[PDB]
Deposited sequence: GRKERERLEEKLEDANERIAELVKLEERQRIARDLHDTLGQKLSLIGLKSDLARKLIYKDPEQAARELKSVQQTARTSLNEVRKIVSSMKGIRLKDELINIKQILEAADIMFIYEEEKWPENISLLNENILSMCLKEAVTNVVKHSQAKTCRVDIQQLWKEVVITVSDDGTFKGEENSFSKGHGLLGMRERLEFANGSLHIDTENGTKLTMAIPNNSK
């Protein structure tokens, strides 16, 4: 009634705690990978730059040689990092749009999309969740529907980004990606609804603004 509160909050608290443990586990895993790559390179840079400083007067040529070495190892280390950052990032929704056009065309399914109410600003996290859901919704159309047409709408409506994926095929079986998407969306305080009357239509919403 009003204890429903005390409870929802103990729930909030435990979720947060579980949260920081998983979070930390990941942070450490990454810290080990970084030490394992960049570690020796950074130490080397330090050493050589120190040695080089020592040789400025004594052996200018040897110092320049050393600084060339420093330059190379800093360059390549910077690469390791660019790669990692890119890898750790996600898929932009505009890029996923292009992937699904290619996939639907390759499957001989008509793709209907017109940009309307494109989100003004969405968090990179929520954008990446939506990209993942959009990919799966279309994988399902291709694998199961036997559709000839697929309609995708991506709109900012009220305080949500709403994606609808509809097809004119037939829904297969009775009550995996559907639970996967719903769980991912619900974790983001979003929702997933499915209508299987005239083919299959997925409505996925996630908060924004």
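In this entry, the deposited residues absent from the coordinate set span 1, 177-182, 217-218.
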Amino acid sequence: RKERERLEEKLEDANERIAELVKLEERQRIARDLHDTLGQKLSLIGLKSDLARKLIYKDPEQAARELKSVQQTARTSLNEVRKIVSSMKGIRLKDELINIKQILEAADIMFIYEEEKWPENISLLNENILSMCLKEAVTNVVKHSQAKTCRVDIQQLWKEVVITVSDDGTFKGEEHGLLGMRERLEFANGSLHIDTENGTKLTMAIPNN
From here on, numbers count along this sequence of modelled residues.
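Per-stretch averaging of Cα B factors for 84-92 and 113-121 places 113-121 on top.
Remark: stretch with higher mean C-alpha B factor among 136-144 and 63-71 is 136-144. Split the chain's modelled residues into thirds by C-alpha temperature factor. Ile129 is in the middle one. The deposited CA B-factor of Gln156 belongs to the middle third of values across its chain.
The PDB entry assigns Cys150 a C-alpha temperature factor belonging to the highest third of its chain's modelled residues. In the PDB entry, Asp168 places in the highest third of its chain by CA B-factor. Among all modelled residues in this chain, the alpha-carbon of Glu20 has a temperature factor (C-alpha) in the lowest third.
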